[PDB]
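Peer 1: First, the structure itself, so that you have it in front of you.
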Amino acid sequence: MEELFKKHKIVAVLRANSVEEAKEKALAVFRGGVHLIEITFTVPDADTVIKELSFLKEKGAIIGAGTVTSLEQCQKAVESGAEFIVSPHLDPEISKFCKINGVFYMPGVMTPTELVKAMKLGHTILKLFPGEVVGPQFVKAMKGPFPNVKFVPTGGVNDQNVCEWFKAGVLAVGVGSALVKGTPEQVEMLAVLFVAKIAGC
Amino acid sequence: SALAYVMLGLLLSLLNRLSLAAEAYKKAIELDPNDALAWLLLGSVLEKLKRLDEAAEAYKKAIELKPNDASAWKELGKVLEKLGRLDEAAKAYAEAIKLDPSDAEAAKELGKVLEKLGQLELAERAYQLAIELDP
């Protein structure tokens, strides 16, 4: 898949409060041109949102599950039909779980050691959480000792610095409130205003 | 002949004889209902004749034919902004940026439509996209 992150270059870290609220915001983001949608599991009954957005896999969208803390949460995520699993932390149980079911897993990392342990588990594509603390100097510092790790930061990505991240060497970026905050038509506009800003650096 | 009437309409457009040029394009559309060039030209002629309601219709018929002119979507934004459908125009300026995110004009003019529609945040993000492009 990996290429699918270098193609679309942006992931919608979608958090919501209800199941109907979440279906709206994903539809708006997809109309805005963003095809990687990460449905966080802090949304109540997110294992049903991902199976209820299954028609967008025909329209060309990659719907996945994000912020996954337990591997038994990962069961409901795989069985729902998610196409990638995202977690803010490195949990080797979930990595075994995802390798063996055949699902892409993106672990949460913040330190060099946290990255090496995630590398020994086979991963070369990590989430860098929270990006508003490590910063693009981190990504540019890991370019040397670990020339294989590709990063997808989350939290700390807005259109004032979205080119800073990329011109340091990230694979894609995840945007939370600065893409989903707003009316289900405002959200579509925020996506095209963000997918265009990216296409410039 | 389908081409020749378009060429006549362009020549009449050069002499400011605008309404006569619109007559020429329309005869080129009877000749070939799919000459999307004659459609796009007719829209920009009516926009100056200020037949803005009939103008947006021809622009829509042009976008229907060749769905990916950032020229055509940006030009339908001018007509729908003047006509008053300020949200139908922001959706059109959006499609134009979905097609060329280097269009400095279409980004500037989307932030102006949004500044009047309410969302200063959405507009301020668009304004800075345009300033980012051209010097």
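Neighbour counts are summed over all protein chains in view; Cβ atoms, including those assigned to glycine, are modelled from backbone coordinates with ideal geometry. Just so it is clear, none of the values below were taken in a lab; they were calculated from the coordinates.
Peer 1: Across segment A:70-111, what is the total count of residues that are farther than 22 Å from A:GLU3 by Cβ, out of contact with any helix residue (DSSP H, G or I) (no Cβ under 9 Å at 6 or more places or on another chain) and touching a residue at least 12 places away in the same chain (Cβ under 8 Å)?
Peer 2: Of the residues in segment A:70-111, 1 are farther than 22 Å from A:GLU3 by Cβ, out of contact with any helix residue (DSSP H, G or I) (no Cβ under 9 Å at 6 or more places or on another chain) and touching a residue at least 12 places away in the same chain (Cβ under 8 Å).
Peer 1: Does any residue of segment A:89-98 turn out to be under 23 Å from A:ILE10 (Cα atoms) and either of a type in the set (D, E, K, R) or in a strand (DSSP E or B) (or both)?
Peer 2: No - not one qualifying residue is present in segment A:89-98.
Peer 1: Listed residues B:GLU121, B:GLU81, B:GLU105; which is charged (D, E, K, R), within 14 Å of chain A (Cβ to nearest Cβ), without any contact (Cβ under 8 Å) to a residue 60 or more places away in the chain and under 20 Å from A:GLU185 (Cβ atoms)?
Peer 2: Working: B:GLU81 fails: within 14 Å of chain A (Cβ to nearest Cβ); B:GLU105 fails: under 20 Å from A:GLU185 (Cβ atoms).
After applying the criteria, what remains is B:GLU121.
Peer 1: When you check A:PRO153 against the structure, is it more than 14 Å from every other protein chain (Cβ to nearest Cβ) and under 15 Å from A:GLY108 (Cα atoms), yes or no?
Peer 2: Working: more than 14 Å from every other protein chain (Cβ to nearest Cβ): yes; under 15 Å from A:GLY108 (Cα atoms): yes.
In short, yes.
Peer 1: Any idea which of A:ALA168, A:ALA141 is free of Cβ contacts under 8 Å to residues at least 24 places away in the same chain, surrounded by 14 or more Cβ atoms within 10 Å (Cβ to Cβ) and either within 14 Å of another protein chain (Cβ to nearest Cβ) or more than 26 Å from A:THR42 (Cβ to Cβ) (or both)? Let's see the steps before the verdict.
Peer 2: Working: A:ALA168 fails: free of Cβ contacts under 8 Å to residues at least 24 places away in the same chain.
Being free of Cβ contacts under 8 Å to residues at least 24 places away in the same chain, surrounded by 14 or more Cβ atoms within 10 Å (Cβ to Cβ) and either within 14 Å of another protein chain (Cβ to nearest Cβ) or more than 26 Å from A:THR42 (Cβ to Cβ) (or both) holds for just one of A:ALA168, A:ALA141, which is A:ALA141.
Peer 1: Let me ask something additional. What are the residues in segment A:160-193 that are aromatic (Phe, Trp, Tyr) and in contact with a helix residue (DSSP H, G or I) (Cβ under 6 Å, 6 or more places away or on another chain), if any? Step through it out loud before you land on a result.
Peer 2: In the first step, residues of segment A:160-193 are kept if they are aromatic (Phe, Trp, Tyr); the result is A:165-166.
Matches in segment A:160-193: A:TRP165 only.
Peer 1: Which ones in segment B:124-135 are in a helix (DSSP H, G or I) and more than 9 Å from chain A (Cβ to nearest Cβ)? I'd like the intermediate steps shown before the answer.
Peer 2: The first filter runs over segment B:124-135 and keeps only residues in a helix (DSSP H, G or I), leaving B:124-133.
B:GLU124, B:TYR127, B:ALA130, B:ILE131, listed by residue number.
Peer 1: Among A:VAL34, A:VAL43, A:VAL29, which is crowded, with 19+ Cβ neighbours inside 10 Å and farther than 24 Å from A:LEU193 by Cα?
Peer 2: A:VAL43
Peer 1: Out of segment B:65-78, which residues are surrounded by 15 or more Cβ atoms within 10 Å (Cβ to Cβ) and either more than 14 Å from chain A (Cβ to nearest Cβ) or hydrophobic (A, V, I, L, M, F, W, C) (or both)? Let's see the steps before the verdict.
Peer 2: Taking segment B:65-78 first, the residues surrounded by 15 or more Cβ atoms within 10 Å (Cβ to Cβ) are B:65, B:69-78.
Residues satisfying the conditions are B:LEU65, B:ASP69, B:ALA70, B:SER71, B:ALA72, B:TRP73, B:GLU75, B:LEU76, B:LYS78.
Peer 1: Taking segment A:173-185, which residues are buried (at least 17 other Cβ atoms within 10 Å of the Cβ) and without any contact (Cβ under 8 Å) to a residue 60 or more places away in the chain? Please lay out each step first, then the result.
Peer 2: Taking segment A:173-185 and keeping what is buried (at least 17 other Cβ atoms within 10 Å of the Cβ), we get A:173-176, A:178-180, A:182.
Hits for segment A:173-185 are A:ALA178, A:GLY182.
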